[PDB]
Protein chains: 4
Amino acid sequence: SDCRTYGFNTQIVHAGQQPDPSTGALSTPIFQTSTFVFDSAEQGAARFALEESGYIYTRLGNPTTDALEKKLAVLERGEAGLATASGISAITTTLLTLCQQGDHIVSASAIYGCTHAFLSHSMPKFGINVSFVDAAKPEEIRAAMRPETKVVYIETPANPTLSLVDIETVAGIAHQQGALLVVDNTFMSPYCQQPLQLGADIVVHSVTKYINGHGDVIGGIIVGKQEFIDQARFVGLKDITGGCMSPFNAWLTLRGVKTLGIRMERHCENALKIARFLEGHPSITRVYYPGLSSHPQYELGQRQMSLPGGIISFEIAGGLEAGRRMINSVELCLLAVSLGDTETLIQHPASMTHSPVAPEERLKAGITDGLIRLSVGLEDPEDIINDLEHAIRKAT
Amino acid sequence: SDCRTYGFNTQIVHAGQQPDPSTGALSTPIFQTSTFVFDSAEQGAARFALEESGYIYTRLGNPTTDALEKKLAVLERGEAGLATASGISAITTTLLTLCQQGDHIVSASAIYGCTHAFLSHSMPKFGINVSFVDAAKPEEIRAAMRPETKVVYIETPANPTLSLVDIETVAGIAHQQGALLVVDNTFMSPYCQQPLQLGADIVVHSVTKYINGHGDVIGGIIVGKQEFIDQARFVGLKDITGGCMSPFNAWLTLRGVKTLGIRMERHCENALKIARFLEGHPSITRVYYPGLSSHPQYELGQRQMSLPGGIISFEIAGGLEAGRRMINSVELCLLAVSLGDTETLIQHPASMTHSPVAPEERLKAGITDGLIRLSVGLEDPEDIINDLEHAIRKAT
Amino acid sequence: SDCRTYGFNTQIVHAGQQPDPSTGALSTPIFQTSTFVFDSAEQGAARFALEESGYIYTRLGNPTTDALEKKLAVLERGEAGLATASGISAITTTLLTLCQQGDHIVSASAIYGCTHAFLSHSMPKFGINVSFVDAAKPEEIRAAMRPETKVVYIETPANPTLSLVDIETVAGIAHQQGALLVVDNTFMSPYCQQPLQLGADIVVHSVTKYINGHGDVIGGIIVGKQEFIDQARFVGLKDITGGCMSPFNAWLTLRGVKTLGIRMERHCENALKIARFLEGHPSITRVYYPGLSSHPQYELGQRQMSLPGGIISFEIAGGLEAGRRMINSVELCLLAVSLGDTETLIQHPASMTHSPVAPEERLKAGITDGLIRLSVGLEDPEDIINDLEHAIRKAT
Amino acid sequence: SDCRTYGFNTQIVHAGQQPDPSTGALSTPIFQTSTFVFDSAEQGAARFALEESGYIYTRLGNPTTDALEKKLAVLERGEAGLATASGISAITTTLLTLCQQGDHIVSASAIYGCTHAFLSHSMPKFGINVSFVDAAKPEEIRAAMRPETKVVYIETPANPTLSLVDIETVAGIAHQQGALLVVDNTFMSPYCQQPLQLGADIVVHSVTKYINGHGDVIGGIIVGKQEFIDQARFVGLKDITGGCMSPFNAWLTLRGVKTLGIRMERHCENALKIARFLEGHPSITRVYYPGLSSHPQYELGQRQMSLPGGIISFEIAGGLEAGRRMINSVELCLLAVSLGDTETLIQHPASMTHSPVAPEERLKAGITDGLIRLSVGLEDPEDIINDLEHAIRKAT
Ligand SMILES: CCCC[C@H](N)C(=O)O
Ligand SMILES: CCCC[C@H](N)C(=O)O
Ligand SMILES: CCCC[C@H](N)C(=O)O
Ligand SMILES: CCCC[C@H](N)C(=O)O
């Protein structure tokens, strides 16, 4: 039939893919090639014109990567997809395609660190100015908009405390003032949140996280209107960032996304159990998780997200020293800075990634001395809880 | 010993690589991972500081890709290397790292098309201005320099007629006026030309071509001073382009470069034979090849290049129609737009990639109606010559 | 801790694996090497002796493949594992290691076809005789045993009607008569059935099916006592079959098995729903599925298997023509002969794989003209049911 | 045209390969699949019949592996090829296909060790008897032939002293007595020796060595008549050994073989230089290399081999202790037991792989205490010579 007609799990498995036309091979072939050959001068001209369709050169497009792009377009309910070398490249290819010197961007403050660095330091050096606001307060977004504003940029949920942003409301504000809304949907995946359905114009992911899910691919994806995606591909990627995805990486991501539905269900089932355990623990001062009713934006979360996610942050009694002791005491959770893998990952920003940052400047960023971030994996939740309880008990 | 002490062929094989420390595995392991795990909070902090060394996350660095970066640094006689998602990303990561709004670039006109598009249309939109000149005339480079000039950018040999640029002379000019010299060394590879040895500051490659050599990887590399490379990595790649190379791609490129020396010898031995055949053919009006004495900059070529290269361009009698007939008549050479593969590739820009471009505007670009570009592969030269003679005879 | 102490899901994720010791890489590196290097003559001698441990050559052993072997040993509760080029190679490496001319094997008749071919035609040509019996009747196993019997071989569930074999009972019989019990556990995976826990001596899998689960690897595994596995490795694999697994294949299988638990849960949840639909359909004469109470060995299934599996066979009204029409009428299920993939696969042996086999000889094999075999995938069960209902309605 | 008409280098590059029919992808796609899908019941039946052609399941055949099989068939001037999991599997799949209990094999004594183990211990246990002879003496082959002899098996050149076997002469003897001649051509590759052209019936390789050439693939290949290969595939591989090659491994081998011609030229050019150096060294008692005129079968070598090969063995003054000191003193050559890689590999069997073997029993095998085996790589020969001279000087 048409792949956009089936159920979401069916789409996860089938969308964008079909048996190879030449051989019937079920798995999408890995077209690990740079070069494509033309049958005639005319065929080469047709493709190039670009009157006609077909492949030319992997930087421009590739059959393996095309399958991934089409699948994610289907999953996000967008027109077209564009794969990239990294989540960062997805974000910068998008914004550098849309903006030029003199343009303006309104961005959430609570965003991925490397994204913040790009917006804070790199963009202004190209004459593109950025205003940072608390996107949990839609009025601050409105107030920051200028005649030059081309884009409003948000993440939800957001690090490090998993605060939310009302996508539908922000979309309405952005659009009334003539701007596009770009949403980083990395944390949720299309299985749990669909920003385009809520009015966003463009969605970006680091597929490095849940979409691939297996901790072995760095990559990104952009989904949006065909007209925009074509510009992101034939100008942004081709000319500006050069951030194309390797066919092998696309193939692995296609392979990983096959289990997206069942992975997200288990990630979130596990996370809710662990979140409730942490909330009941007298040594834990705070637990940040959209699935707990005490979450400041709980009802918004229930309307906007189909599941509360696989990520939890929490504060351990005793601040920095307690946090360091705790992470040094886990036996199962692994100390690392990524998320959305099949293994449970844990990190303590104050002692690990922000040790040199001013204590008072971290607090401003929302990073307290006792804040721990946990990416819940596919292990038995009882084992993860036991490991956490063991480490917490020791640390406090 | 120290890898920088051995002969060039030995370096090609060994530099940057050694048996795996844990297992003794001879082949560089494919570290196809996103995540790296820390032993303690302290270890994570050390690496991040960045007081100490080790890995963190593949976008930042990876053991497989590091081996490739170190090898190419050795081969180009530079301090450090940085691998990228594509040749384009190597160029743009470099220039976007070096330049900001208000800055200026002097560039050769005879450059790779996509590079031209970036410099012509994208750079100016970021407030970075570019002046194009004929780099075969070093005085035009000097005359175009401004107080704001940060970079002089050149390719040699250059498309489509394989004209040359005097690297040593241009380096001297750039440096006297306080600018850096960036050279795209894709066409030659470090086996045939070493721009850093001639005064260039930074070298970029599309490894998609000869360095990989097997037509199955899109990738780039940047080589230069440690101080610059660190900025290209921790700002340019990390924040701006996001154009990181997949570990699998790095592994394939490491594998391909093992045979770089013997491949270049055969490519060039074959090309010289074919070039001489073409020069003797009464149906061929011109042959462009650095190995022919009639080449305008022949002596410069002999001083600057150890071999004349594997690329040949030539003009067939009868212009566009003849060129189209010829390429449609080959049986062995493959119609495609890449180069530096093991297979012989052929293309006729006027009928294939520039069919819609104004005939008189192509002529300005140096693209005549009868111009054919040939990437000579590893086949028996007698077979390639027979195929060419067959197609030429038919076309004329 | 010790990996054998955690919950089964935790083991699925972690067992046999750990971060790379040299770099901390979380993903098991792909040690795609043939050669391993020694530090000294002495080190080479030690490993070879084989006094000491370490690697030598990938045919003998490899770090990537070792991780897989250790994981599956843990999952099956066996001492050691040995990976192979295919499921067939797992079976033949095992049996050719155990048996020699003059030896005897008692085997189930209801086994994988290619296994049957090996036992029926190849074994006897090496002087190794085989008696086939109905293994659903343990007394037939006993009656067929001879002084020369070395091995009893069974599959459960078995094609094509998913009949069962009482592993514990057969193990007792085999052992009393001094024979080993070998069980092919491919259909269930260690998540659903553990033959070693029930008395079997050796377990074999085609990992091509559920263990890999992604339809992109041909491979096998053998699990058993260390003493046996060492012989299977250093004689059976090394000298006889040469059926070693590629490190890349082992890496993919490690990647696939990460989701084994959640995949099996969904496969079986989906299959039960589809099985019940089929049982309610007036156009379907029979449905063969361990999860239906009408199954001849239902109670045995409940004791021996934790889930009823993802495979269903059924007979459609109207025999051969109806079966052909049905499979030619599906739009979602894919016509193919493998199983345990994420996509739903369907096949009709009478018109597809046994068309030339004598109708009356197929009936003997249990293959009726209307028999359809279905491998239930991860799609929405409602979509699969709709596709089946559509095709059945058309066919009848 | 027809690939069998071009020059050998052209064949190396092109034979068995063409651009992908669906997309034009130049690189052979990696068809990393287990499953193949049929368009209809009829199509599945046709393929299975096996009336018609196409793919079914990777163990039986695969598009990537087919390309490799066709290429090597062309290079060896044989009808058909069959890829395998290892060199060992190529040999055993062949012999177990041809022989059954009561059959007999005449084999050279000077053969690969693991092959010897199979023939010495495993074959007889299947009722297949083997007589070992000195194949450098064709009369011993004749004298050992029995009415039951099905196969004569030889390697040339042979370990450890690189003695030769007269293929044409042995072929004539085998054929007159009604037997097949099987030749292991691993050491030479089709670029240097073509046993089928000299009368052999079947050729086997470990592609692990020169054919792949990059030290990252374990694999084998069999080349011979279509009638035989079909049996090796549909019985030997399918039923007996299960030793199929992974599509990824086939793709890597296809990639490696692209440079076979230029690699062999350099390997042999380097080896001849090193062999002459060793022959001139007063600390070296003997040098075994087909390229030295002092070689016992020099003239036979010149007729049978196009190049003398990349392998050298030699004896160092001072026996075992000297040999151990020497290999422990090299800085560039790597201590390892494989050959045909791009890196120079060295080994000293008496102290490394045969330390526990009886000194007098090694001598019988032709392994003297001072015997060193060297696999010459692609490094600068001057660097290898300097490393050897350094280590030899120290050791003596
Ligand atoms: C720059 C290190 C990567 C951080 C990581 N991407 C995370 O936030 O999960
Ligand atoms: C944009 C198509 C690629 C052109 C190709 N990189 C070449 O000039 O060889
Ligand atoms: C010989 C074709 C493969 C059959 C397939 N292994 C299945 O029974 O699922
Ligand atoms: C059993 C170790 C492998 C020996 C190796 N294949 C060689 O002779 O080169």
# chains A, B, ... in the order shown; residues from 1 in each chain; ligands from 1

$ interface_residues --of "chain B" --to "chain A" --cutoff "6 Å" --atoms "only C-alpha atoms" --output "number ranges by chain"
B: 32-35, 37-38, 40-41, 44-45, 48, 85-86, 88-89, 100-101, 118, 125-126, 215-218, 239, 241-243, 328, 335-336, 338, 352-353

$ write_last_selection --atoms "N, CA and C atoms" --output "short mmCIF file (atom, residue, chain, number, x, y, z; two decimals), in the first residue's frame"
data_model
loop_
_atom_site.label_atom_id
_atom_site.label_comp_id
_atom_site.auth_asym_id
_atom_site.auth_seq_id
_atom_site.Cartn_x
_atom_site.Cartn_y
_atom_site.Cartn_z
N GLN B 32 33.80 1.37 16.34
CA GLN B 32 32.51 1.87 15.92
C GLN B 32 31.65 2.06 17.17
N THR B 33 31.91 3.17 17.85
CA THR B 33 31.25 3.50 19.10
C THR B 33 30.89 4.98 19.07
N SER B 34 29.86 5.36 19.82
CA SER B 34 29.64 6.78 20.07
C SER B 34 30.23 7.11 21.44
N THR B 35 29.91 6.26 22.41
CA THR B 35 30.22 6.45 23.82
C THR B 35 31.59 5.92 24.25
N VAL B 37 33.64 5.12 28.07
CA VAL B 37 33.37 4.98 29.50
C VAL B 37 34.55 5.40 30.37
N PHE B 38 34.27 6.09 31.46
CA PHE B 38 35.30 6.51 32.40
C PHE B 38 35.37 5.57 33.60
N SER B 40 36.34 6.50 36.61
CA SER B 40 35.95 7.25 37.80
C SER B 40 35.50 8.65 37.42
N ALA B 41 34.87 9.34 38.37
CA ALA B 41 34.50 10.73 38.17
C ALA B 41 35.75 11.53 37.82
N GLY B 44 36.96 11.14 34.21
CA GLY B 44 36.10 11.90 33.32
C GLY B 44 36.44 13.37 33.36
N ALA B 45 36.69 13.88 34.56
CA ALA B 45 37.05 15.28 34.75
C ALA B 45 38.39 15.60 34.09
N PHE B 48 38.09 15.81 30.36
CA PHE B 48 37.28 16.97 30.00
C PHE B 48 37.99 18.31 30.24
N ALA B 85 33.83 14.56 7.39
CA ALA B 85 32.77 13.84 6.72
C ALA B 85 32.89 13.86 5.20
N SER B 86 33.62 14.85 4.68
CA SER B 86 33.77 15.02 3.24
C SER B 86 34.89 15.99 2.93
N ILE B 88 34.54 18.58 1.08
CA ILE B 88 33.91 19.89 1.30
C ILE B 88 34.00 20.29 2.77
N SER B 89 33.65 19.38 3.67
CA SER B 89 33.72 19.69 5.09
C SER B 89 35.15 20.01 5.56
N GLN B 100 35.82 35.23 9.97
CA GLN B 100 34.58 35.73 10.56
C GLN B 100 34.14 36.96 9.78
N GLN B 101 32.93 37.46 10.04
CA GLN B 101 32.42 38.59 9.28
C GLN B 101 33.44 39.73 9.22
N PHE B 118 30.60 27.55 -2.51
CA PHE B 118 30.73 27.96 -1.12
C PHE B 118 31.34 29.36 -1.03
N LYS B 125 27.49 35.68 2.43
CA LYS B 125 26.28 35.82 3.23
C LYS B 125 26.61 35.80 4.72
N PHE B 126 27.82 35.38 5.06
CA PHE B 126 28.29 35.44 6.44
C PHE B 126 29.22 36.63 6.67
N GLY B 215 36.90 4.27 -4.21
CA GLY B 215 35.60 4.72 -4.69
C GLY B 215 34.45 4.30 -3.80
N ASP B 216 34.71 4.22 -2.51
CA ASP B 216 33.68 3.73 -1.60
C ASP B 216 33.63 4.51 -0.29
N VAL B 217 34.35 5.63 -0.26
CA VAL B 217 34.35 6.50 0.91
C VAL B 217 34.21 7.96 0.49
N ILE B 218 33.28 8.68 1.11
CA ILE B 218 33.28 10.14 1.07
C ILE B 218 33.92 10.61 2.37
N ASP B 239 31.55 22.56 16.92
CA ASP B 239 30.48 23.55 17.06
C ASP B 239 29.85 23.98 15.74
N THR B 241 30.52 22.96 11.84
CA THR B 241 30.09 22.09 10.76
C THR B 241 29.54 20.74 11.24
N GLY B 242 30.04 20.26 12.38
CA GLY B 242 29.67 18.95 12.88
C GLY B 242 30.08 17.84 11.93
N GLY B 243 31.01 18.15 11.04
CA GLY B 243 31.39 17.22 9.98
C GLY B 243 32.39 16.14 10.35
N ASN B 328 29.66 8.20 -25.28
CA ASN B 328 28.63 7.19 -25.48
C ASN B 328 29.14 5.95 -26.22
N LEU B 335 31.33 6.12 -17.33
CA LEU B 335 30.81 7.49 -17.26
C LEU B 335 30.42 7.86 -15.83
N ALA B 336 31.19 8.76 -15.22
CA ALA B 336 30.95 9.15 -13.83
C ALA B 336 31.73 10.40 -13.48
N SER B 338 33.45 11.30 -10.45
CA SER B 338 34.49 11.27 -9.41
C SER B 338 35.86 10.98 -10.02
N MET B 352 27.17 16.74 -20.05
CA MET B 352 26.79 15.96 -18.87
C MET B 352 26.50 16.79 -17.62
N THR B 353 27.43 17.67 -17.25
CA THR B 353 27.30 18.41 -16.00
C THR B 353 27.07 19.90 -16.23
#

$ select_by_dssp --residues "region 176-254 of chain A" --states "strand (DSSP E)" --output "JSON list (two decimals) with N, CA, C and O atoms, in the first residue's frame"
[["chain", "number", "residue", "atom", "x", "y", "z"],
["A", 180, "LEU", "N", 10.12, 30.78, 11.74],
["A", 180, "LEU", "CA", 10.00, 29.32, 11.74],
["A", 180, "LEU", "C", 10.28, 28.78, 13.13],
["A", 180, "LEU", "O", 11.07, 29.36, 13.87],
["A", 181, "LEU", "N", 9.66, 27.66, 13.47],
["A", 181, "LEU", "CA", 9.98, 26.97, 14.72],
["A", 181, "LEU", "C", 10.77, 25.70, 14.43],
["A", 181, "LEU", "O", 10.32, 24.83, 13.70],
["A", 182, "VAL", "N", 11.97, 25.62, 15.02],
["A", 182, "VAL", "CA", 12.80, 24.44, 14.90],
["A", 182, "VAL", "C", 12.85, 23.75, 16.26],
["A", 182, "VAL", "O", 13.15, 24.39, 17.27],
["A", 183, "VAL", "N", 12.56, 22.45, 16.28],
["A", 183, "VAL", "CA", 12.56, 21.71, 17.53],
["A", 183, "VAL", "C", 13.54, 20.55, 17.49],
["A", 183, "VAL", "O", 13.51, 19.74, 16.57],
["A", 184, "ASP", "N", 14.40, 20.48, 18.50],
["A", 184, "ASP", "CA", 15.28, 19.34, 18.68],
["A", 184, "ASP", "C", 14.51, 18.26, 19.45],
["A", 184, "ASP", "O", 14.21, 18.42, 20.63],
["A", 202, "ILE", "N", 10.32, 22.47, 11.46],
["A", 202, "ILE", "CA", 11.48, 21.63, 11.22],
["A", 202, "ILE", "C", 11.83, 20.89, 12.50],
["A", 202, "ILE", "O", 11.80, 21.48, 13.58],
["A", 203, "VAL", "N", 12.16, 19.60, 12.38],
["A", 203, "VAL", "CA", 12.59, 18.81, 13.51],
["A", 203, "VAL", "C", 14.01, 18.33, 13.25],
["A", 203, "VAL", "O", 14.34, 17.93, 12.14],
["A", 204, "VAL", "N", 14.86, 18.40, 14.27],
["A", 204, "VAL", "CA", 16.20, 17.83, 14.16],
["A", 204, "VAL", "C", 16.42, 16.79, 15.25],
["A", 204, "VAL", "O", 15.85, 16.90, 16.34],
["A", 205, "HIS", "N", 17.22, 15.78, 14.93],
["A", 205, "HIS", "CA", 17.65, 14.78, 15.91],
["A", 205, "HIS", "C", 19.14, 14.56, 15.84],
["A", 205, "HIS", "O", 19.75, 14.63, 14.77],
["A", 206, "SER", "N", 19.73, 14.27, 16.99],
["A", 206, "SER", "CA", 20.94, 13.48, 17.01],
["A", 206, "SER", "C", 20.48, 12.02, 17.02],
["A", 206, "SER", "O", 19.92, 11.56, 18.02],
["A", 220, "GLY", "N", 23.00, 12.59, 12.54],
["A", 220, "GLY", "CA", 21.84, 13.45, 12.76],
["A", 220, "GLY", "C", 20.84, 13.30, 11.65],
["A", 220, "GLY", "O", 21.10, 12.66, 10.63],
["A", 221, "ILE", "N", 19.66, 13.88, 11.85],
["A", 221, "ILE", "CA", 18.65, 13.89, 10.81],
["A", 221, "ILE", "C", 17.86, 15.19, 10.91],
["A", 221, "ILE", "O", 17.69, 15.73, 12.00],
["A", 222, "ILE", "N", 17.40, 15.68, 9.76],
["A", 222, "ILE", "CA", 16.55, 16.85, 9.71],
["A", 222, "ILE", "C", 15.29, 16.43, 8.97],
["A", 222, "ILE", "O", 15.38, 15.73, 7.97],
["A", 223, "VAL", "N", 14.12, 16.82, 9.49],
["A", 223, "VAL", "CA", 12.86, 16.55, 8.81],
["A", 223, "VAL", "C", 12.04, 17.83, 8.69],
["A", 223, "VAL", "O", 11.97, 18.62, 9.62],
["A", 224, "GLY", "N", 11.42, 18.03, 7.53],
["A", 224, "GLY", "CA", 10.67, 19.24, 7.28],
["A", 224, "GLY", "C", 10.04, 19.22, 5.90],
["A", 224, "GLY", "O", 9.97, 18.17, 5.27]]

$ closest_residue --among "B:29, B:234, B:332, B:8" --to "ligand 1" --atoms "only C-alpha atoms and all ligand atoms"
B:234

$ closest_residue --among "D:264, D:384, D:284, D:108" --to "residue 10 (chain B)" --atoms "only C-alpha atoms"
D:384

$ residues_around --residues "region 148-157 of chain B" --least-positions-apart "4" --cutoff "8 Å" --atoms "only C-alpha atoms" --output "list in words"
residues 98, 99, 102, 103, 104, 105, 106, 107, 108, 110, 111, 135, 141, 162, 163, 164, 165, 174, 178, 179, 180, 181, 182, 183, 184, 185, 187 and 188 of chain B

$ closest_residue --among "A:199, A:225, A:74, A:136" --to "residue 300 (chain A)" --atoms "only C-alpha atoms"
A:136

$ closest_residue --among "B:363, B:30, B:207, B:287" --to "ligand 2" --atoms "only C-alpha atoms and all ligand atoms"
B:207

$ residues_around --residues "residue 160 (chain C)" --least-positions-apart "2" --cutoff "7 Å" --atoms "only C-alpha atoms" --output "PyMOL selection string"
chain C and resi 158+162+313+366-367

$ write_last_selection --atoms "N, CA, C and O atoms" --output "short mmCIF file (atom, residue, chain, number, x, y, z; two decimals), in the first residue's frame"
data_model
loop_
_atom_site.label_atom_id
_atom_site.label_comp_id
_atom_site.auth_asym_id
_atom_site.auth_seq_id
_atom_site.Cartn_x
_atom_site.Cartn_y
_atom_site.Cartn_z
N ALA C 158 9.40 -28.06 16.53
CA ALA C 158 9.88 -28.56 15.25
C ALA C 158 8.97 -28.17 14.08
O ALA C 158 7.76 -28.09 14.23
N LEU C 162 5.13 -27.37 14.37
CA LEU C 162 5.49 -26.92 15.71
C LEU C 162 5.15 -27.94 16.80
O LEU C 162 4.67 -27.58 17.87
N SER C 313 2.11 -21.94 12.10
CA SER C 313 1.74 -22.59 10.85
C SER C 313 0.23 -22.81 10.84
O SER C 313 -0.39 -22.96 11.89
N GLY C 366 4.55 -34.26 6.59
CA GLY C 366 3.70 -33.40 7.39
C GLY C 366 3.37 -32.10 6.68
O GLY C 366 2.78 -31.19 7.26
N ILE C 367 3.77 -32.01 5.42
CA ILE C 367 3.52 -30.81 4.62
C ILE C 367 2.27 -30.99 3.76
O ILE C 367 2.33 -31.61 2.69
#

$ closest_residue --among "C:170, C:22, C:266, C:161" --to "residue 138 (chain C)" --atoms "only C-alpha atoms"
C:170

$ residues_around --residues "residue 212 (chain A)" --least-positions-apart "5" --cutoff "6 Å" --atoms "only C-alpha atoms" --output "ChimeraX atom specification"
/A:207,253,256-257

$ write_last_selection --atoms "N, CA and C atoms" --output "mmCIF file, in the first residue's frame"
data_model
loop_
_atom_site.group_PDB
_atom_site.id
_atom_site.type_symbol
_atom_site.label_atom_id
_atom_site.label_comp_id
_atom_site.auth_asym_id
_atom_site.auth_seq_id
_atom_site.Cartn_x
_atom_site.Cartn_y
_atom_site.Cartn_z
ATOM 1 N N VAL A 207 20.684 11.298 15.912
ATOM 2 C CA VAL A 207 20.294 9.882 15.877
ATOM 3 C C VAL A 207 21.259 9.054 16.706
ATOM 4 N N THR A 253 21.864 2.837 11.425
ATOM 5 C CA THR A 253 20.746 3.574 12.008
ATOM 6 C C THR A 253 19.406 2.966 11.571
ATOM 7 N N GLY A 256 19.073 -0.051 13.746
ATOM 8 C CA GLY A 256 18.730 0.311 15.111
ATOM 9 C C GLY A 256 17.294 0.773 15.269
ATOM 10 N N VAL A 257 16.809 1.557 14.312
ATOM 11 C CA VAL A 257 15.465 2.129 14.428
ATOM 12 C C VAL A 257 14.372 1.053 14.299
#

$ residues_around --residues "residue 294 (chain C)" --least-positions-apart "5" --cutoff "12 Å" --atoms "only C-alpha atoms" --output "PDB file with N, CA and C atoms, in the first residue's frame"
ATOM      1  N   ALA C 275      -2.475 -15.903  16.136  1.00  0.00           N
ATOM      2  CA  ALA C 275      -2.867 -17.302  16.242  1.00  0.00           C
ATOM      3  C   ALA C 275      -4.342 -17.413  16.625  1.00  0.00           C
ATOM      4  N   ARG C 276      -4.780 -16.577  17.562  1.00  0.00           N
ATOM      5  CA  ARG C 276      -6.174 -16.597  17.997  1.00  0.00           C
ATOM      6  C   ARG C 276      -7.108 -16.128  16.884  1.00  0.00           C
ATOM      7  N   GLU C 279      -7.394 -19.007  14.475  1.00  0.00           N
ATOM      8  CA  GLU C 279      -8.203 -20.092  15.023  1.00  0.00           C
ATOM      9  C   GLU C 279      -9.694 -19.770  14.965  1.00  0.00           C
ATOM     10  N   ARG C 286      -6.853 -25.581  10.282  1.00  0.00           N
ATOM     11  CA  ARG C 286      -6.019 -25.860  11.450  1.00  0.00           C
ATOM     12  C   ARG C 286      -5.063 -24.717  11.736  1.00  0.00           C
ATOM     13  N   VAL C 287      -4.742 -24.527  13.012  1.00  0.00           N
ATOM     14  CA  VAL C 287      -3.695 -23.586  13.386  1.00  0.00           C
ATOM     15  C   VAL C 287      -2.745 -24.265  14.352  1.00  0.00           C
ATOM     16  N   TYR C 288      -1.462 -24.237  14.015  1.00  0.00           N
ATOM     17  CA  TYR C 288      -0.447 -24.868  14.831  1.00  0.00           C
ATOM     18  C   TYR C 288       0.345 -23.810  15.572  1.00  0.00           C
ATOM     19  N   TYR C 289       0.127 -23.729  16.881  1.00  0.00           N
ATOM     20  CA  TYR C 289       0.830 -22.763  17.712  1.00  0.00           C
ATOM     21  C   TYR C 289       0.842 -23.211  19.162  1.00  0.00           C
ATOM     22  N   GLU C 299       0.505 -28.639  27.589  1.00  0.00           N
ATOM     23  CA  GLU C 299       1.026 -28.606  28.952  1.00  0.00           C
ATOM     24  C   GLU C 299       2.542 -28.787  28.998  1.00  0.00           C
ATOM     25  N   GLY C 301       4.468 -27.780  26.692  1.00  0.00           N
ATOM     26  CA  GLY C 301       4.937 -26.481  26.238  1.00  0.00           C
ATOM     27  C   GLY C 301       4.999 -25.469  27.364  1.00  0.00           C
TER      28      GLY C 301
END

$ select_by_dssp --residues "region 256-298 of chain D" --states "helix (DSSP H, G or I)" --output "ChimeraX atom specification"
/D:256-257,260-279,298

$ write_last_selection --atoms "C-alpha atoms" --output "mmCIF file, in the first residue's frame"
data_model
loop_
_atom_site.group_PDB
_atom_site.id
_atom_site.type_symbol
_atom_site.label_atom_id
_atom_site.label_comp_id
_atom_site.auth_asym_id
_atom_site.auth_seq_id
_atom_site.Cartn_x
_atom_site.Cartn_y
_atom_site.Cartn_z
ATOM 1 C CA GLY D 256 41.575 -5.979 -1.640
ATOM 2 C CA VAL D 257 41.922 -7.907 -4.895
ATOM 3 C CA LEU D 260 46.443 -7.620 -6.515
ATOM 4 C CA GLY D 261 48.583 -6.937 -9.580
ATOM 5 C CA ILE D 262 50.420 -3.917 -8.212
ATOM 6 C CA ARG D 263 50.734 -5.534 -4.778
ATOM 7 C CA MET D 264 52.281 -8.741 -6.143
ATOM 8 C CA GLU D 265 54.720 -6.747 -8.303
ATOM 9 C CA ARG D 266 55.924 -4.810 -5.253
ATOM 10 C CA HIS D 267 55.931 -7.796 -2.883
ATOM 11 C CA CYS D 268 58.131 -9.710 -5.314
ATOM 12 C CA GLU D 269 60.371 -6.786 -6.240
ATOM 13 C CA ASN D 270 60.967 -6.235 -2.529
ATOM 14 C CA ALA D 271 61.465 -9.934 -1.760
ATOM 15 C CA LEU D 272 64.081 -10.403 -4.491
ATOM 16 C CA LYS D 273 66.123 -7.496 -3.102
ATOM 17 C CA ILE D 274 65.875 -8.848 0.438
ATOM 18 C CA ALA D 275 66.654 -12.391 -0.702
ATOM 19 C CA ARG D 276 69.835 -11.188 -2.417
ATOM 20 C CA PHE D 277 70.853 -9.242 0.684
ATOM 21 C CA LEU D 278 70.383 -12.329 2.850
ATOM 22 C CA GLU D 279 72.311 -14.507 0.417
ATOM 23 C CA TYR D 298 64.977 -22.796 -10.214
#
